[PDB]
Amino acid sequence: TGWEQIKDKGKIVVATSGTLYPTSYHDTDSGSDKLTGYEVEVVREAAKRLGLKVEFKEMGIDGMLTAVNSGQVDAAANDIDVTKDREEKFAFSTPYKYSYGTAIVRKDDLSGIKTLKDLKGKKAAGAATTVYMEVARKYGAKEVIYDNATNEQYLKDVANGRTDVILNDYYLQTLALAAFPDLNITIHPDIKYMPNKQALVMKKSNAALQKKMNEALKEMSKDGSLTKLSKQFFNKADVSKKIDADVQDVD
């Protein structure tokens, strides 16, 4: 534990899942299977700025925070939201990603949806146990149960009229549109909910490491490195800066 200890070894141990495209995943398209992604690269470069090598320990989100407290790892980078509750238990770096949830509906009629309230009675699809599906339920949407579908399948069913809406992170959905620009789908222009931001998580007592990481992140923020990495993984979008938008809070 400790920044002087990390500095001495010359390596920082960081936990991540590798199952969250495009922020932490493996590059299978190239055949390298290299752990990469927006957040992974941000940490890698930040550590480099600090003369350090990174040792990424892949593990499930569960027990990850426990590994940080136990000292098993020096930090955890896995799209973890900054929340007041977590801030009393851990030390976060400055945020390097800001986002909010949105909805993908049909391009031709927006699936008859104008506001979140119109989700009532609509067929909502996507991951079963996420805060996104919870949002849909709160508004009375019918949850669609899929056996084992793909992203392309989910999107086509919306376009086809088999389903009506998909609730997910804004940036993840912009990639959906970019991937299938000819499909009858689009991100609803007025629905924005649950703003959120992600940062590096470390033991709250590790104030020295926290300050050093922020120092490198700030340097990256000022020279365009963050924006550069963002555009690479989020199809030219820059997720490192907060979007001045009318975002609705949800219970």
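Counting begins at 1, following the sequence as shown.
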statement: When mean C-alpha B-factors in the record are compared for 240-248 and 3-11, the larger belongs to 240-248
field: Given 55-63 and 39-47, the range whose Cα B-factors average higher in the PDB entry
entry: 55-63
field: Per the PDB entry, maximal CA B factor within 91, 176, 113, 144
entry: 91
statement: Top Cα B-factor in this entry, restricted to 68, 191, 199, 209, sits on 68
Residue 220 - which third its CA temperature factor falls in, relative to the rest of the chain: highest
message: Taking only the Cα B-factors deposited for this chain, tell me whether residue 78 sits in the lowest, middle or highest third.
response: middle
- prompt: Ranked by Cα temperature factor within the chain, is residue 27 in the lowest third, the middle third or the highest third?
  reply: middle
message: Quick check on the deposited entry: does the C-alpha B-factor of residue 86 sit in the lowest, middle or highest third of its chain?
response: highest
query: If you rank every modelled residue in this chain by C-alpha B factor, which third holds residue 122: lowest, middle or highest?
result: middle
